[PDB]
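Trainee: just dropping in an experimental structure and the matching sequence.
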Amino acid sequence: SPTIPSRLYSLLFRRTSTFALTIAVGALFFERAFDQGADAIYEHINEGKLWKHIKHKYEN
Amino acid sequence: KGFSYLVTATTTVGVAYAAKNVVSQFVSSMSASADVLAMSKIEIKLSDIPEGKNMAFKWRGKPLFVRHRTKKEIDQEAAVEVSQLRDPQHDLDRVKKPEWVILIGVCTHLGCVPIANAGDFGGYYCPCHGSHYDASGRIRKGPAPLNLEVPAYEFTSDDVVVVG
Amino acid sequence: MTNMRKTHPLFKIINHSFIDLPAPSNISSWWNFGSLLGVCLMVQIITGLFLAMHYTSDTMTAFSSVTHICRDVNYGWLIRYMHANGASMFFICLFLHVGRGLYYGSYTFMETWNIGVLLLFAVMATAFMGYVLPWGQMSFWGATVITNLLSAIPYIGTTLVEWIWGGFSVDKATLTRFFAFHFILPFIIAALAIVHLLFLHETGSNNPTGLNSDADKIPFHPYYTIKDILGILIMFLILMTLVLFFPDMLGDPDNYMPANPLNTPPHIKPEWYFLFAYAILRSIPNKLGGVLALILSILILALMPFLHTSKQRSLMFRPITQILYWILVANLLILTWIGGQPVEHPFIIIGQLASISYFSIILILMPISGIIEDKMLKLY
Amino acid sequence: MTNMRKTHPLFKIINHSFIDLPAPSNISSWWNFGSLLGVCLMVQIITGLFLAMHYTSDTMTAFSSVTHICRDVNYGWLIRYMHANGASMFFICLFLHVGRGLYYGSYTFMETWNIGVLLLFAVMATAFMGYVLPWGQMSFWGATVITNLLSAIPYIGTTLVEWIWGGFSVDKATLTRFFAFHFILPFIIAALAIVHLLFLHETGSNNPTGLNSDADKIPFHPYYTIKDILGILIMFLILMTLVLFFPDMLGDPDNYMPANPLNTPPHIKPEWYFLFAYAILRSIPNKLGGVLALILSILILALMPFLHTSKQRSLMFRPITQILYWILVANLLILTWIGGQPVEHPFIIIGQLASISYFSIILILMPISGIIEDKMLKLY
Amino acid sequence: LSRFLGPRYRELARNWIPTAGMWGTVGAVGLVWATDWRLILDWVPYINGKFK
Amino acid sequence: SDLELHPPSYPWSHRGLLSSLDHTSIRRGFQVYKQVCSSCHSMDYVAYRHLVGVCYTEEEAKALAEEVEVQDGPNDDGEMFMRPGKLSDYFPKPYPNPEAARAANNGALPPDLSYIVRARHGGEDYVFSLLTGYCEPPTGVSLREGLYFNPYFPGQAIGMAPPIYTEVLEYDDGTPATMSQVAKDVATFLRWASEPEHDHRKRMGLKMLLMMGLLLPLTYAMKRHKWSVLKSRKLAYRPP
Amino acid sequence: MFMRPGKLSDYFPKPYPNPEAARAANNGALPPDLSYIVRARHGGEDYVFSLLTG
Amino acid sequence: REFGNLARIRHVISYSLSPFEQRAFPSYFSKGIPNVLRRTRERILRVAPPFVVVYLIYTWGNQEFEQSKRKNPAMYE
Ligand SMILES: CCCCCCCCCCCCCCCCCC(=O)OC[C@H](COP(=O)(O)OCCN)OC(=O)CCCCCCCCCCCCCCCCC
Ligand code: HEC
Ligand code: HEM
Ligand code: HEM
Ligand code: HEM
Ligand code: HEM
Ligand code: FES
């Protein structure tokens, strides 16, 4: 069983075009993942204080 | 090599993400501000428009002509065919309210504002390159490529019109 | 002891670029216009620095500040008219620079020519926003016209014009950002001019004969220093006779009114150096076609070095292309006059024929005529 | 086939300057501050370009324009605080640059050092006028105080002050002209930085040992490329942790009030580098003497290349002069604190002792320490 | 013109087709990631969540 | 006198580096400003469009915009006239010029309460201490009419009547309207008015901290990787 | 606001406070500011003379 | 590129005089007017006729515009 860094180098990290392709795909997916995680950390820290936390008693 | 290039790939993903965000910060900073988005909704036109007259106001930052139309003007607009102009359009499909017509006064050749109450068709006469327009803004005699845009308005109670 | 002029680093750079530069001994007065352009840039930098020293960029106070410069500031009217006529004569010398480039075969310097094309785009954009700056009637309406011209692009154009506007029309944000852009862009022009001169010094300078000037050269000092000084003084005679005797034949009277969005001028034109591009875009009856016509017409300058199908460099031994080149200059004058006049009969068909002849000459007729002259002189 | 990097002229210049530059392999983290200064200069240029894209210089609308930037412009608060904290970071890296030169004997490169001193003066003027620009209480009153400092000069002081003011007070002409000067002067800083880098590139960089670095020399790429990338990242960390958590710890509270000419603040404090200059100003109790003290306190950096009497270039191997140098940094800090504090007991006598100790320790004591070290090393 | 019309240049071009296509794919995904292109980013399942 | 009293460091709910503002307290302080502090002080830079998305909903902010009246015009005769305000308008000024404020408030000009937290030393701590620190003057000093003693105000004599007390206004959420609660609410609302970018800025800072704590080890790893050629390099001198 | 005899630094007083009241009082047409009418009309002083005497 | 060497020249002799010993305007008119007239003869037929066509169709365009301004009597009844 090949190691996963060896598999990563053989499939994606060898050719520079595939390197840039996986860089961009990882950029998109990682931007989504950290946007979700960072906002979730923020509202968990600031639960009960934000406007969307207190919003539900004023629309309806 | 996979471990080293994995470190390089993750840090250049982080750098590209940060660069994308800061360039978007700059581009959104050069975009429209909160105040000019706030005055993107025009004020109330009320019922100060005279009979058969037009008024030019600042709606969405641009010149908007709100003009009162008569029964003869409505009959002429109905008698004007749809496909007889440069583009297929009708006055009934253009303006819901036949008494008052609200349009964005920007011509379709160089983006000038036409002079109201002028022209041989009874509408407007934009003199930058000589385009005449009817009561609905249809191009009959002129070099304008398209027709005059009609803004998407809303009508509250009879003294209140919300245009934006 | 040592030679300070060629051993001190800044001094040896200045000596190797401007003092002991091997220049062709036979270049005519048409070669002065590069230094004329540089001194134009310096003069406009200084005069505009004084204008922005006494100028405020706000739609309520732009015209008020212009009036304050004209009347209250000591010689502020002189600085303002010096800036305006300097921009106009800067475009005159730009057109003569470009004409020298097409005539004497200077487009064989590929990188220098491309840097010049980028400089031309930069200076037209810079002077466009400078004409936007005083917030006149025709100024504001020309700003709207050129922004809609950029908005002619499909699916990108409306977002791009709302981004350039900073809103939905030319307003305070547009005027302030245009003030910032007009301030910054001449320094980018200066940096690109440094790149221009670096490429030119790498590739050497051209002579009117289009031949190898390496057999007979003279140092740039004192010959071309005193020659370009004579050019600078003739420059200043023309510039100040425009400033002090006839200040308003190059400007527009409609620029001397406050910018009224409600009122539209009956005859709208850009300033005289945009007139040929405005004429060809008015000739082509399509927004997308017109804007592509304008951009490609300026880009024929950069596309031109690939059209050199003659074994003779300059036109100075090529009389058929001399006739075609002067027809091209005549057609440019026709396009300027057509952009000046409005849209009636027969200005539409005259401008259409002028644009068609312009494109057909500069793409088709010059290379075919060059092939004809090669067969005439029996090159093959 | 040829090497484009070593053949194309722009690429040749970039290769000989930033890519294949022979750099010493042992330069410490203190040598990243030149690249940090360049990066902060680019950041300041871009950020101020956006600020002036959204900024109008007029006494009625300057504070309203800054407030509109901070409130209604999308991320204009980030732009404005980035500009202010980037100016602070620029001065931090600039003082560390100067301290690196002082401690490692880089002032023996006399032309590069003098160009750096001119750069330091230009950065002082730029930051002073930029702090005048938001039209706060501190802006107006610091402008009046420093202009009266200029007025301390005999027989021409009043005339030059009324010329600089554009009138008889800090007013609309002063604000607009300071906007023009503050926008334009960083481009002169960039040109002088190009001259700075050229004068350095003549002779190569310096090592912390102060020895000849030609023994062990490495290319600038990729070693110092990635080292400067890491330094840029750390500088961005400190800069935007200031911006996003403590944006006002280096600013002033009452600067956020509109500038009232009739009302006066209880205390006068510019930024901390000008607090150093202000303490040196007010140590000596006469106007012309204090002005000459401030000017001389900046020109002693240029004077110090003539004050190097030791036979060893760097302070790496001279421990007494290290003690003197850190005493110098100590009363830099003390003078900054005194300039922060108001002028009462005991801050008056502490500032006087600090200033006289500063001038003595730079003028007369370091050459004595160097000659004592040479005597102790049997070099004399 | 006729300089780049031959079997050697054709086989060089055919060797460089996958690399040029990969670089075009990189440019396309970088363009849509930088500009946040809705018409392409309303199809990938995860990134669909943030637009809502 | 020449002395000044430094206000203490109150433990605010937004004192932490990643702690946002309490928007219920912000809207309560907005009510406190509206029927308490708007009679004298002005806010030239905070608008109902800023109130949307932080304090109230769009409809509620709009409704409190028509509850005031705004000068506008010109009409067809070229005259100014009253119109109901909307979300685009700013907060209404109590006086047209500062000289009217000087005439009405006995020569004392109330400064703009739009940058007062960023303008006073201490900020919301200063505002809270100034509002809660009203007390009788010590024996010996005397103040004329319209002047009141305050330890935190520089000069110790402020021209301000005690603005808030217990049950000065009625809240909407049923919070007890004691004087300390009213002072805390108006202090945090003034903090939001002086810095509307607080919560967004702190979210930006948290994102920046996480990405730089990820990027510094990785960039340091690249630097040590590229420099490992030199840092493990070995030298030898072999003279004849 | 009060009344005051104007000194040298004051400009010429406007006959109308805002241009729309001028439009109302002058039967629709707005009298333009004649501080740049010569530089703002094609002909200048010739146009002004011909307009007044024509 | 540098002034020391640019090209190979053999057997070429150049004679030059001092500017303070020769005149600055030697026969400026008598040998100057025939020279500029000869240059005009050489390059007058390739430059002037295009601008003649410019002037001709300039006048033609002005005349057609003014004629379009002028009405016609096709409206008698
Ligand atoms: C003679 C000391 C002997 C010490 C022996 C220690 C053990 C040695 C054997 C074991 C080795 C231990 C490690 C050695 C490290 C390097 C050597 C070292 O530290 O030497 C001591 C050091 C340098 O000694 P040296 O420079 O010869 O001292 C001359 C006195 N000026 O000198 C020092 O550290 C002393 C520094 C004293 C500085 C006093 C400064 C007072 C004034 C500060 C004013 C600052 C400004 C204030 C404001 C002024 C205006 C108001
Ligand atoms: C009319 C009686 C007012 C009421 C109601 C409020 N304020 Fe007051 N403010 C008023 C005056 C006349 C002054 C100036 C008085 C002086 O001596 O200068 C002020 C000033 C302030 C200040 C600034 C204090 C400083 O040290 O600069 C603050 C912080 C302040 N006012 C706060 C404040 C708040 C939060 C209020 C609502 C509860 C409020 N004031 C009401 C007049 C009046
Ligand atoms: C906008 C500012 C410009 C500046 C400051 C500038 C500067 C100069 C200077 C000083 C010269 C040397 C003088 C000479 O050789 O005649 C020169 C020559 C040249 N310029 Fe420009 N130029 C500018 C624009 C342009 C443009 C718009 C073009 C072409 C479209 C161009 C193309 C050239 C070429 C090809 C040469 C070489 C001519 C020769 O060697 O004979 N430049 N330029
Ligand atoms: C550092 C350089 C420059 C600065 C600071 C500057 C500044 C200004 C300012 C403040 C104005 C407004 C004053 C007015 O409109 O009369 C202006 C106008 C103008 N500028 Fe510049 N300018 C600079 C360079 C240039 C250049 C390089 C050009 C042309 C390529 C140019 C062309 C113009 C034009 C045409 C106007 C319009 C003037 C008018 O129509 O009356 N400027 N400039
Ligand atoms: C104000 C903007 C400045 C910029 C943009 C700048 C730029 C630079 C750069 C990029 C370097 C190369 C990096 C390095 O050698 O560490 C450098 C080095 C140097 N700078 Fe500066 N500098 C500035 C100010 C100064 C000042 C204020 C001084 C001295 C008072 C100075 C004196 C020097 C010296 C002597 C060196 C040579 C360092 C060595 O030999 O190792 N520069 N500068
Ligand atoms: C091309 C370069 C620059 C431009 C266009 C520019 C422009 C501006 C503008 C428009 C402002 C007022 C906006 C505001 O304060 O809210 C400003 C403020 C300021 N600028 Fe610059 N600037 C430039 C470079 C610099 C540099 C190089 C420095 C310092 C070394 C600097 C230091 C400052 C400071 C300290 C302020 C005041 C910030 C505050 O009061 O909090 N600027 N600048
Ligand atoms: S822009 Fe309306 S007729 Fe041309």
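Mentor: Thanks, I have the structure now. Numbering: from 1, shown residues only, chains lettered A, B, ... in the order given. Ligands and ions are numbered 1, 2, ... in the order given.
Trainee: hmm, the longest helix along chain H in reach of chain B?
Mentor: Determined from DSSP state H, the single longest helix within chain H is helix H:48-69. No: residues of helix H:48-69 are not located near chain B by CB under 8 Å from any CB of the partner chain, the shortest gap being 11.5 Å. The way it works is simple: take the backbone N, C-alpha and C, and place the C-beta from them, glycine included.
Trainee: list the contacts of that helix.
Mentor: C:323, C:326-327, C:329-330, C:333-334, C:337, C:341, C:344-347, C:350 (CB atoms under 8 Å, 6 or more residues apart in numbering or on different chains).
Trainee: can you do 6 Å?
Mentor: C:326-327, C:330, C:333, C:344-346, C:350 (CB atoms under 6 Å, 6 or more residues apart in numbering or on different chains).
Trainee: and which of these is nearest ligand 6?
Mentor: Among those, residue C:333 lies closest to ligand 6 (CB to the nearest ligand atom), at 40.7 Å.
Trainee: name the helix or strand for the closest one, please.
Mentor: Here residue C:333, judged by DSSP states H and E, is contained in helix C:319-340.
Trainee: chain center to that helix: distance?
Mentor: Between the centre of helix C:319-340 and the centre of its chain there are 17 Å (CA atoms, centre = their mean, to the nearest Å).
Trainee: what's the local residue count around the residue in chain H that chain E sits nearest to?
Mentor: Closest approach between chain H and chain E, counting by CB to the nearest CB: residue H:1, at 29.8 Å. Residues within reach of residue H:1, counting by other CB atoms under 10 Å in any protein chain shown, total 12.
Trainee: do residue F:159 as well
Mentor: 15.
Trainee: ok, it touching residue F:109?
Mentor: No: counting by CB atoms under 6 Å, residue F:159 does not reach residue F:109; the two are 9.1 Å apart.
Trainee: kindly report the residues of chain C close to chain B.
Mentor: C:144-145, C:148, C:163, C:166-169, C:171, C:261-262, C:264, C:266, C:268, C:343 (CB under 6 Å from any CB of the partner chain).
Trainee: filter those down to just the buried residues.
Mentor: Listed as buried from the residues of chain C next to chain B are C:144-145, C:148, C:166-169, C:171, C:261, C:264, C:268, C:343; burial here means 16 or more other CB atoms under 10 Å in any protein chain shown.
Trainee: which other helices and strands does the longest helix along chain B contact?
Mentor: The helix that spans the most residues within chain B, counting by DSSP H, is helix B:2-30. Judged by 3 or more CB pairs under 6 Å, 6 or more residues apart in numbering or on different chains; DSSP states H and E, helix B:2-30 is in contact with helix A:4-8, helix A:16-45, helix F:198-226.
Trainee: relative to residue B:112, how far out is the residue of chain B found nearest chain H?
Mentor: Across chain B, no residue is closer to chain H than residue B:130, which sits at 11.5 Å (CB to the nearest CB). Distance of residue B:130 to residue B:112, given as CB to CB, to the nearest Å: 11 Å.
Trainee: one more: residue C:11?
Mentor: 57 Å.
Trainee: in chain F, which spans are strands?
Mentor: Assigned by DSSP state E, the strands in chain F fall at F:69-72, F:81-84, F:148-149, F:157-158.
Trainee: ok, residue C:152 touching residue C:289?
Mentor: No: using CB under 6 Å, residue C:152 makes no contact with residue C:289, being 8.8 Å away.
Trainee: these two: which has the busier surroundings?
Mentor: residue C:152 (18 against 13).
Trainee: so who does the more buried one touch?
Mentor: C:287-288, C:291.
Trainee: between the buried ones among the residues of chain C next to chain B, which is nearest ligand 7?
Mentor: residue C:343 (7.0 Å).
Trainee: let's verify the closest one: helix, strand, or coil?
Mentor: Three-state call for residue C:343 (DSSP: H, G, I helix; E, B strand; the rest coil): coil.
Trainee: show me which residues of chain C are close to ligand 3?
Mentor: Residues of chain C lying near ligand 3 by CB under 6 Å from any ligand atom: C:31, C:34-35, C:37-38, C:41, C:94, C:97-98, C:101, C:106, C:109, C:112-113, C:116-117, C:119-120, C:123, C:193, C:196-197, C:200, C:205-206, C:301.
Trainee: burial count for residue 19?
Mentor: Here I'm looking at chain A. Residue A:19, neighbours per other CB under 10 Å, totals 19.
Trainee: my bad, chain H
Mentor: 8.
Trainee: again with residue H:63
Mentor: Residue H:63: 11 neighbours (other CB under 10 Å).
Trainee: distance check, it against ligand 5.
Mentor: Residue H:63 sits 65 Å away from ligand 5, going by CB to the nearest ligand atom, to the nearest Å.
Trainee: next one: residue B:46
Mentor: 60 Å.
Trainee: which residues sit in contact with whatever residue of chain E ends up closest to chain A?
Mentor: Proximity of chain E to chain A (CB to the nearest CB) peaks at residue E:22, 3.7 Å away. Residue E:22 makes contacts with residue A:17, as judged by CB under 6 Å, 6+ apart.
Trainee: contacts for stretch B:128-135, please.
Mentor: By CB under 6 Å, 6+ apart, stretch B:128-135 touches B:69, B:73, B:77, B:107, B:109-110, B:112, B:119-121, B:123-125, B:140-144, C:268, C:343.
Trainee: which residues sit in contact with residue 23?
Mentor: Defaulting to chain A. Counted by CB under 6 Å, 6+ apart, residue A:23 has contacts B:9, B:12-13.
Trainee: sorry, should have said chain F
Mentor: When contacts are counted by CB under 6 Å, 6+ apart, residue F:23 touches A:51, A:54.
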